[PDB]
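Numbering (the entry's author numbering), first residue to last: 1 to 164.
The next block holds one structure in the form of structure tokens; read it before the comments.
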Ligand SMILES: *SCC1=CC(C)(C)N(O)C1(C)C
Ligand SMILES: [Cl-]
Ligand SMILES: [Cl-]
Ligand SMILES: [Cl-]
Ligand SMILES: [K+]
């Protein structure tokens, strides 16, 4: 298990445009295209991202290329966030993957709340952080994924994924 395998489990793989859990046009391994309700806008985003006329369908290799870029993006963005880099750098590599997972799902900027959860993680108060992370829209709207990510923070193991 590693961040790529972890996110592949949590995001799935679909080769045609679909709507994510929030209703937003997405493709591949959780590649958000746009928040616009226009399918035509989503197809323009897709064609721009792949560099060809796709009409909303891609190959597995193309999906994996966007995924590689999106993981790389998430990591770089954590480092570029002065509010988050210290937390990331304080963690072991397994818990770092849990943090990347959250940023991938929620965004590299603009995420609301979670200051207290990040403090408890920096303090290495793992059970307390896990309780605090669940007091969230995130946990209520995507509870099975959030439970897996939270277990990863609580334990520093891959137990919630190994077997999936
Ligand atoms: S560690 C909690 C946290 C704080 C913030 C910077 C808002 N992040 O996006 C997450 C959710 C990772
Ligand atoms: Cl565009
Ligand atoms: Cl709490
Ligand atoms: Cl879920
Ligand atoms: K998804």
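Cβ atoms here follow ideal geometry from the backbone N, Cα and C, with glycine treated the same way.
Residue i classed as buried or exposed, judged by whether at least 16 other C-beta atoms fall within 10 angstroms
{"i": "residue 125", "result": "exposed"}
{"i": "residue 74", "result": "buried"}
{"i": "residue 72", "result": "exposed"}
{"i": "residue 112", "result": "exposed"}
{"i": "residue 152", "result": "buried"}
{"i": "residue 10", "result": "buried"}
Spatially closest choice to residue i from the options, by CA coordinates
{"i": "residue 70", "options": "157, 105 and 80", "result": "105"}
{"i": "residue 127", "options": "150, 140 and 109", "result": "150"}
{"i": "residue 18", "options": "64, 95 and 35", "result": "35"}
{"i": "residue 91", "options": "132, 110 and 157", "result": "157"}
{"i": "residue 62", "options": "94, 15, 32 and 55", "result": "15"}
{"i": "residue 77", "options": "103, 140, 94 and 2", "result": "103"}
Rounded separation between residue i and residue j - CA only
{"i": "residue 57", "j": "residue 51", "result": "13 angstroms"}
{"i": "residue 108", "j": "residue 12", "result": "20 angstroms"}
{"i": "residue 65", "j": "residue 30", "result": "12 angstroms"}
{"i": "residue 154", "j": "residue 122", "result": "12 angstroms"}
{"i": "residue 159", "j": "residue 59", "result": "31 angstroms"}
{"i": "residue 144", "j": "residue 79", "result": "27 angstroms"}
{"i": "residue 130", "j": "residue 137", "result": "14 angstroms"}
{"i": "residue 33", "j": "residue 8", "result": "17 angstroms"}
Threshold first: 3 residues or longer. Then list the beta strand (DSSP E) segments lying entirely within the stretch 23-102, N to C.
The stretch 23-102 contains, as complete beta strand (DSSP E) runs of 3+ residues, the segments 25-28 (chain order).
Specify whether the stretch 13-25 and the stretch 115-122 touch according to this definition: at least 3 beta carbon pairs, one from each stretch, less than 8 angstroms apart.
No, the stretch 13-25 does not touch the stretch 115-122.
Can you find at least 3 beta carbon pairs, one from the stretch 97-104 and one from the stretch 32-42, that sit closer than 8 angstroms?
Contact fails: fewer than three Cβ-Cβ distances are below 8 angstroms.
Is it a yes or a no for the stretch 83-98 touching the stretch 46-54, going by three-plus beta-carbon pairs under 8 angstroms?
Verdict: no, contact absent.
What runs of the beta strand (DSSP E), each 3 residues or longer, lie entirely inside the stretch 126-156?
For the beta strand (DSSP E) assignment, the stretch 126-156 encloses no uninterrupted run of at least 3 residues.
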